[PDB]
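Here is the structure we will look at.
4 protein chains.
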Amino acid sequence: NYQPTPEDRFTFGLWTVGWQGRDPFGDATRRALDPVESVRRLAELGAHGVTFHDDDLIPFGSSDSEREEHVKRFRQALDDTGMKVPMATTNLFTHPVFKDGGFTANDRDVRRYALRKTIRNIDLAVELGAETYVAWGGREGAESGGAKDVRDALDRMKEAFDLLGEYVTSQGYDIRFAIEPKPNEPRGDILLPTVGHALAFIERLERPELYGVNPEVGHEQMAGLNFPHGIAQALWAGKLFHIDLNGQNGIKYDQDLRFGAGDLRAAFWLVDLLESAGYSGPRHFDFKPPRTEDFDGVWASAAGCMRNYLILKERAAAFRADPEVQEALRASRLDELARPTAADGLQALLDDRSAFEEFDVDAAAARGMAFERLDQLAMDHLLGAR
Amino acid sequence: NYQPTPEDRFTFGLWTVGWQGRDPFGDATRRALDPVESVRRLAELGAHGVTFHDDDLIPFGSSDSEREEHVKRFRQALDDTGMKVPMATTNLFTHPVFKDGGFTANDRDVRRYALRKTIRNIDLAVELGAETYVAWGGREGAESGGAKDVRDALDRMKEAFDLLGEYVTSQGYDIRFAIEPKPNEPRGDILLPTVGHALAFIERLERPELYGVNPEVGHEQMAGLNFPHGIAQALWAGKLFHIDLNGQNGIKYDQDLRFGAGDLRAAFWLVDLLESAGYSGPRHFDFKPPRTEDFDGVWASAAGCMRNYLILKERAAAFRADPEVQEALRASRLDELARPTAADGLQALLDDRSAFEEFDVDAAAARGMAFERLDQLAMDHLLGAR
Amino acid sequence: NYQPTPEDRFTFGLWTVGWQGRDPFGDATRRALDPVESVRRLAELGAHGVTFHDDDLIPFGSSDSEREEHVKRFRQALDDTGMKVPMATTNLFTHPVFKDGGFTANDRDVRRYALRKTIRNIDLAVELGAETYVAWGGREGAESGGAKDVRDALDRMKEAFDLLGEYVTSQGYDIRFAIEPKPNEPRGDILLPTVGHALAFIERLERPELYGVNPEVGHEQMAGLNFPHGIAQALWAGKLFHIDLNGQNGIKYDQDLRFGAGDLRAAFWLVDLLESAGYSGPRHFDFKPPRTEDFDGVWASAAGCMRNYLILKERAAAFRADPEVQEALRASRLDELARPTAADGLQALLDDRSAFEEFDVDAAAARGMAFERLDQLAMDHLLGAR
Amino acid sequence: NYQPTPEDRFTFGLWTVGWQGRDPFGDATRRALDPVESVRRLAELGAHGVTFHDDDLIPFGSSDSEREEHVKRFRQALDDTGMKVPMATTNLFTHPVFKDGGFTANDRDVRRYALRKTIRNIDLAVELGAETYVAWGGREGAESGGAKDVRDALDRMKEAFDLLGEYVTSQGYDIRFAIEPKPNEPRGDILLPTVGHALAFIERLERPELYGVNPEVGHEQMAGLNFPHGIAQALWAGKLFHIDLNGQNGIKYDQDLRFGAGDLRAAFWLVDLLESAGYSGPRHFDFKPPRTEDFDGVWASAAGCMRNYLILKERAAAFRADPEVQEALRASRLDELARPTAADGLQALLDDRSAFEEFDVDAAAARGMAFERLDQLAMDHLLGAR
Ligand SMILES: [Co+2]
Ligand SMILES: [Co+2]
Ligand SMILES: [Co+2]
Ligand SMILES: [Co+2]
Ligand SMILES: [Co+2]
Ligand SMILES: [Co+2]
Ligand SMILES: [Co+2]
Ligand SMILES: [Co+2]
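Heads up: the sequence lines are chains A, L, U and R, in that order.
To convert, take the position in the first sequence, counting from 1, and add 1; that gives the deposited numbering.
To convert, take the position in the second sequence, counting from 1, and add 1; that gives the deposited numbering.
To convert, take the position in the third sequence, counting from 1, and add 1; that gives the deposited numbering.
To convert, take the position in the fourth sequence, counting from 1, and add 1; that gives the deposited numbering.
Rendered as C-alpha cells:
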C-alpha cells in the first residue's frame, strides 16, 4: 500500500509544509508552523529527514541566545523522532538587501555579506550533520539588459563559490555544494538558468570536485526542458549531488505542486532513471501544499509526494523486469545504443567500406525503430493495464 | 544608410535564401536556387561569405564527377565575387536513415555512417577555406522515454566528437568544431538542448580546446531563455566559436525569421554584447525568408538581416558612449559589479566586521538600483528618441 | 483488456496513419498508403470510421474520371468493412496558392477559390454520410504586423463562413461546421488561436447554430492552456461538435503524439469530462505515428490511441463511482459549486446580512478545501493504486 | 520630447506605483504610498487619472468613519490635481477567504460575499465618476482536475455577472463592466484564460451589451498569444471597454514590466492598432516598477510607460502616412483584404468560372506577398532609420 519508511530516504524542506500560502496576489492562508511540529508530523508520515534555509530555522536578526534555543529545540525534535538533516542552504533571496542578488549583487558590500551569511550557516549545517549544502541564487539575474553584465556577474559568482570551497577545505569539512538552476522567477532571467548552465559553470571553479547540481523538476520544466534528460546529463557528469522533487505544468510560474502532480509521465521516467542509476542521495521534496489547504491538507499533500514516488518506483521496476519489455528494448536497439560506435578506432572506421562505400542507407532507413510499441508497454505498466 | 560591405563579415547559409518554403503543412512556394546564383546575389547585397551543409552543395548520392562539377562551379562563383566560406557542416537530419539520430542513432551502423559522412565533408570544408565546422544534432533525442537512454547516448556523442578531433589532429587541420544546441524540433526533445548543456558536454571531450558552441538566437528562445545571457556565458567560457542570427517569437516552432524580427530588444542587447566583447567571428544568419515571399522578397529579407544588425550596432555604440548613460551605469553600480568581491582573501573577509557584524542591511536594502532610468536611456537610444 | 470495437466510435483521419513522415527537417520515412488499405487496417483494429481532407482522398488536380474511381474504391472499402465517414474537411493549407490563407488570403481571387474548393467537398462529404464538416484555417494569420489587418481578416472570415451556411441551407443538407482553432504553426500567429476565440467568432455569424468548434488536445496545449477546461467551456456553450484527440508536451511545435502520450493527467480529466457530459460525437484521433516507425509501428500507435482512451474511461468511471471519492467531493464542496449563488434574487441578496454585515470572513477563510486528498484519490484511481 | 499631458488619457492603478515589492520569494523593498501622494506624483508626470481596487483606497475591514476619511482625502487630491477616476474594481483575490475564488468559490457563502463586496464598491466607483468597472477573477480556477467542475463554475460566473447587471440597471448607473482574462497565476489555470474565452462568455450573459473585456498585454503573452491580434478581435466584436498596458517577456510569471519593455514590436503594433481604430478609452498602465527600484525609480518607470506609448504613437503614425508604406501595403494586397470576397452573392460565386474551373492556381501561387519589404519599412520607422 506504498507506505514510506525512513529507509526510503524521503526528505522535506521546513519551508515546504511550513509554507503559509502567501503568493503574488494573496495573504497567508495558514498559520506559521514551529519546526518542531513539522519534524514530528513528517516523521509520523515516514519521512527520513528535513532540510532548512538558515532563516527558516532561526528567524532573521535573532540574538545568540535566541539562536541557541531555536537550535536546541530543533535538535530535541530530531532526537525524539530519529529524523536526519542531510542538506541545508542559505536564504539569499527574501530580505530586501538581496533585491539585486547575493553573490552577484551589483553592490560589493552585499556580495561580501551574502558570503558571510552563507559561511555562518555552513558551520551550522555541519553541526547538524548535513552532507550537502544547496545554493539557489534566485536573485542573481536581471529584468533589463543594462542592469547586469553577465560576464562580470559570472566572475563574481566564481569568486564566491571558490571562497566557499576554500572555507570548507580550510575547516576540513566533508560537505559538498549543490548549485540549483532556475530559469526565471523572481528575477526576469536568472543566471545559471538550467542544469546545463550550472554544470558548465562548475567546470570553471577552482576545485570542481566540491560542486554538483541540485536540479528541481519544476525548474527545468519552466524552460520546457525534459527533466529526466537533464538528470541523465548530470549523472553522466557525476554531478547529481541532490535533487528536488515536485510537480509543474509546463511553462508558467513555479507551481511547486506535490511530486507526481504536473507531468506524470516525466515523473515515471525520472523515478525509472534514479532507480536504474542507483542514485543514493535523498529524495527531497521542494513543494508547496496549495494555499487552498488547511493543515490536514498539508500533511495529505506531503504524504502524496512519497506515495507517488513509491508507486512509480514499483511500475518502473516492473517495466524494466518484464521479459516482453526486455524483448522490445532489443527490437528498438537500446542494446546497440550502449555499444561503442568504433572501439576498432579511427583508422579502422576510415577503412571500413561497410560504414560508407557499401552502406545500404535505404535498407537501414527502412528498419522501423519500434518505439511506439515499447512506449505503449511503458504506458500499460504505469497505468497497471498489463 | 546602414549599408553592409564584406568587411562587416556577414555570412549566410545556402539553405537560408535557398529555402524553397516547404513546411509541416505546405509544399514549396519557390523554385530551387543554384548555389552559384545565391553566391552572386548575396555578394551584391554586401555579404562577406556563405556556408553550407554537404548536401546543399552536392546533392546527396552524387557521383564523383558530379561532385567535382558542383564544387568547380561553386569555386568559380566564390572567385568571381570575392565571397568566402568560413563555416561548413554536415546534414545528419534530412535523409530517413537519420530518423533516430546520426551520432546517437540506436543503430550502430548508422552512427558509423554519420561519422564517415561528416569526415568526408570536413575535408571539403578545409579545401574551401572554412575555419569552423558546425554540428547541429537535430535528430539526437526522442519522442518517448524508453527509446533513448541519455547516458548511453552521451557516451556515443562523446565517442563521435572525440573521433572527429582525432581526425582533424591526424590531418593537421586548423578547423575547430562548434556544437549547435536546440531544445526540440524535429525530435520531441533534442540532446544538448541549450548553450549550457553543450558547454558542459564539451568539458568532457578528450581535447576540449577543439570545440565550442554555435548558439542560435531562436533556439535558446524556444526554451524561453535570454539569448544575450547565454552568449555571455559562452564568451565567459571562451567558447563562442560561431553564432547564428535570426528572429523568434518565444516558445514555438523554430520560426527562423530575419534577424531583428522576433525579440527586438534581445537583438539590441545581443549586438551590444558581441560588439563590447570584440567578437571577431562571422555574423552568420540562419534564417528563412517566409514562404509568402517570391525571390525579390528573399533578397529583401536577407538585406534586412544585415541592415538590422548595423542599425542596432550604431544604437548600442551610442548608448555605451553617451556620458549620461555612463553616469547611469555608475549610479546602478555596474562599475562595482566588475570589482572583485574579496581580493583581500578569505581570512580578511571572515575578520571584516563591515561584512557582517556591523553591516547595516537596512541602509543597503534602501539604496535603489536605478535600473529603470538606465533601461529607459537604453530604450531611447534604441528608438532614436534621445 | 481494453479492446475497442466500432461501438466505441473511434475515428481517424486518412492523413494520420497515412502520414509519410516528412517534417521541417526531414524527408519521408514511409511509403504512401492507399486509403483502401488504411480503411481495412483501421477496421481490423476496431475503429468505427475515418475522416478525410478532399486532397487526401482525391489527389489534387485529378480529372473527373480519376475522382470517380478514387471515390468508388473508397466506398467499396467502407462497404467491405462497415466503416463510417462521420467528418470531412478541406485542405486549404498545403498548396502554395494558400500561402497567405484560404478564406482570409489578402488576394481576393484566392479567397473565392478557397470557398469553391470547400463547397465542392461539402457535396462529397454529404454523399459519404458525414455529419460534421471541419475547417482548420492553418494558413490564416501572419508572420509580421503589417501583412494582415485582423479586423479586415475577420470580416472576410465571417463572409466565408456565412456563405458556407447559406450554401448548406440552400441544399437542405444536415451537416454542421466545426471550426478548429490553433495558436500558431504554420503561420507565426493563426487567427482564432484558441477555443475561446473560435466560440466568440461563431456568435457573430449569421446562423450561429450551424457552427461549433473542433478543439484539438495539442492545439490548446501549444498555448499552455488547460484542454479539459476549454472543452468544458465549449460544452457549456453547446458547441462541442467534434473533437481531435492526440498528445502534446506543452509549448512547442505541434507534436501530434498518440492519445494518452504527452500530458497524461490532462488526458484522464478530458475523458472524465467527455464521459460525464455524455458527449456523443466521434472520438477522433488527429495524430501522427512518429517518423521513426515502420507500418507495424503506425498500427501499434493507432491501436494505442484507442487503448489509452478505454483505460482512462475505466479509471475515470471508477473514480466518480467510488463512495470515498463521492465523500471527498462533498468535503471539497463540489456539491455547493453546483448550487445557484442567489436563486433568492438580487434584492434578497442585498438584504441578507449573512452575506456581508454578519459574514465571518475569517471562519470561512479557515475552512480548508481538501483538494489535495481529493486529487490523490484521483491519482490512485488513474494509476490503479487503490 | 514625448511629454505626456492629461489630454493623452494615461491612467495608472494605485496598486502599480504603490506596489511595495513583495513577491513569491521576497519581502517589501519600498514603504507603502498614501494614495494622496500617488495622485499628486502621477499628476506631476502628466497622467490623466488613477484607478483602484476597493482595498487599495480603503483598507480592508475599515469602519464607516475611517472609510469616509480615506475617501475625503482622496477626493481632495483629485480636486487639487484635476485627476480623474475612469475605472475601479474589486479585490476578490488577496484575502484568504477568496482562496478558491470569489464568484466561483466552491463555498456558496463566499460567492454571495464576493457579490456584496463588489456591489458596495460599484456604488463608490459611480460616486467617484468611474465609467468602467473591471473584474479580474484571479482566484477563479484550480490546481487539480477534481477541485472545479468548469461547467458549474461558468454557471456561477454567469449568475454573478447577471446579478451585477441587474444591480447597475436597477440603480440607473451608466457604468459598464470589463472582464479581464488571464491564463494562470495565482491559480494553476484561471477560468476565462484569454480574450477569446471572455468574449465568448459575455455572449451568454443576460444583457451582453453591459460587458466587454479589459485585456492586458502581459496576460495574453503568458499564453504566447499575439496581443494586437486579440485586441483586433475585441475591437471587431465592439467589446474593447478598457485596456491594461505593460510589458512581458513571453511565457513566464506575470512580470508587469513598464509599457514598451518586454515585446517592443508587439507594443508598436498595439499602438498602431489602437490609434488606427480610434480607441477612445483610457490608456491604462497595470505595471509594477521592479522591486530593485526606490521611489525615484518608481516615478521614472511610470514616466517611461507614457513616453514609450508616445514614441510608438509617432512612429506608427509616420509608418501609416509614408507614401512608400502606402505603396507597399497595396503591393501586399492589404487593400484587397479589405474588399468583400463575394458581394456578388453565393449563386454568382458558384457560377463564376474564374473562381474555380478557370482559376490559374499556379499564377496566383507564384505572386509573392512582398511582406518582408513591408515589415522592414515598419522596422525602419520604429527605429528611426528611414
Ligand atoms: Co520551484
Ligand atoms: Co528547489
Ligand atoms: Co532555427
Ligand atoms: Co542554426
Ligand atoms: Co496538431
Ligand atoms: Co486537428
Ligand atoms: Co499582469
Ligand atoms: Co491587469
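Even for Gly, the Cβ is constructed at its ideal location relative to N, Cα and C.
- Interface annotation, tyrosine 310 of chain U: not in contact with chain A, CB-CB separation never under 8 Å.
- Note on geometry: alpha-carbon atoms of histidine 49 of chain L and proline 7 of chain L lie some 4 Å from one another.
- The beta-carbon separation of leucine 338 of chain U and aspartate 150 of chain R, rounded to 6 Å, stays under the 8 Å limit for a contact.
- Not one heavy atom of ligand 2 is found less than 7 Å from the C-beta of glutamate 141 of chain A.
- Within the DSSP bridge table, the entry for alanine 179 of chain L names L:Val135 and L:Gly213 as partners.
- The segment 70-153 of chain L contains, as complete alpha helix (DSSP H) runs of 4+ residues, the segments 109-128 (chain order).
- Taken atom to atom, the span from the alpha-carbon of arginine 188 of chain U to that of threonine 293 of chain L is near 10 Å.
- If you keep only unbroken beta strand (DSSP E) runs of at least 3 residues inside the segment 264-314 of chain R, you get 284-286.
- Non-local C-beta neighbours of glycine 305 of chain U in its own chain, meaning closer than 6 Å and more than five positions away in sequence, comprise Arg259, ordered along the chain.
- Separation of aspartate 175 of chain L and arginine 205 of chain A (C-alpha to C-alpha, rounded to the nearest whole angstrom) is 26 Å.
- Checking the 7 Å criterion, the Cβ of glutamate 221 of chain R is out of range of every heavy atom belonging to ligand 8.
- Our two residues, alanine 29 of chain L and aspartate 9 of chain R, have alpha carbons roughly 48 Å apart in a direct line.
- Nearest Cα to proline 25 of chain U within the set U:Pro97, U:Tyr212, U:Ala78 and U:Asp255: U:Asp255.
- If you compare the alpha carbons of A:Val299, A:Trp237, A:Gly83 and A:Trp16 with that of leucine 58 of chain A, the shortest gap goes to A:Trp16.
- Below the 9 Å Cβ cutoff, chain L contributes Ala367, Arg368, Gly369, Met370 and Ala371 as neighbours of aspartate 295 of chain R, in chain order.
- With contacts defined as CB atoms closer than 8 Å, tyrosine 134 of chain A and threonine 105 of chain A fail to qualify as a contacting pair.
- Residue side-chain check: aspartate 287 of chain A places its Cβ nearer than 7 Å to a non-hydrogen atom of ligand 2.
- Across the set U:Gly385, U:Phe360, U:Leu351 and U:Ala386, the C-alpha of U:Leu351 shows the shortest separation from the C-alpha of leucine 164 of chain R.
- The C-alpha of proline 184 of chain R is placed about 11 Å away from the C-alpha of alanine 143 of chain R.
- The DSSP-derived three-state label of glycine 14 of chain A is strand.
- In this structure, DSSP gives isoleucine 203 of chain L a helical state, which the three-state scheme calls helix.
- When only Cα atoms are considered, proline 324 of chain L and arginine 331 of chain L end up about 11 Å apart.
- At a cut-off of 7 Å, the beta-carbon of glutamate 181 of chain L counts as near ligand 4: some heavy atom of the ligand is closer than that.
- Taking each of L:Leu241, L:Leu275, L:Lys289 and L:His243 in turn and checking the Cα distance to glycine 263 of chain L, the smallest one comes out for L:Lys289.
- Ligand 4 has a heavy atom closer than 7 Å to the beta-carbon of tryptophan 137 of chain L.
- Against chain R, the CB of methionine 223 of chain L has no partner CB under 8 Å away; the residue lies outside that interface.
- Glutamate 373 of chain L sits close to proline 291 of chain R, with the two beta carbons spaced by under 8 Å.
- Bridge pairing for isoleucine 232 of chain A: absent [DSSP].
- Taking CB atoms only, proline 290 of chain U has a neighbour in chain A less than 8 Å away.
- Put simply, the CB of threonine 52 of chain U is far from chain A, with every gap to its CB atoms at 8 Å or more.
- Assigned with DSSP and collapsed to three states, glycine 248 of chain U falls in strand.
- The nearest non-hydrogen atom of ligand 1 is less than 7 Å from the C-beta of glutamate 217 of chain A.
- Any Cβ of chain L closer than 8 Å to the Cβ of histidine 71 of chain A would place that residue at the interface, and such an atom is absent.
- In the three-state scheme derived from DSSP, where H, G and I count as helix and E and B as strand, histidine 220 of chain L is classed as helix.
- Proximity of chain L to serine 302 of chain R at the Cβ level (cut-off 7 Å) is accounted for by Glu373, in chain order.
- Note that the C-beta distance between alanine 233 of chain U and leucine 274 of chain U is below 8 Å.
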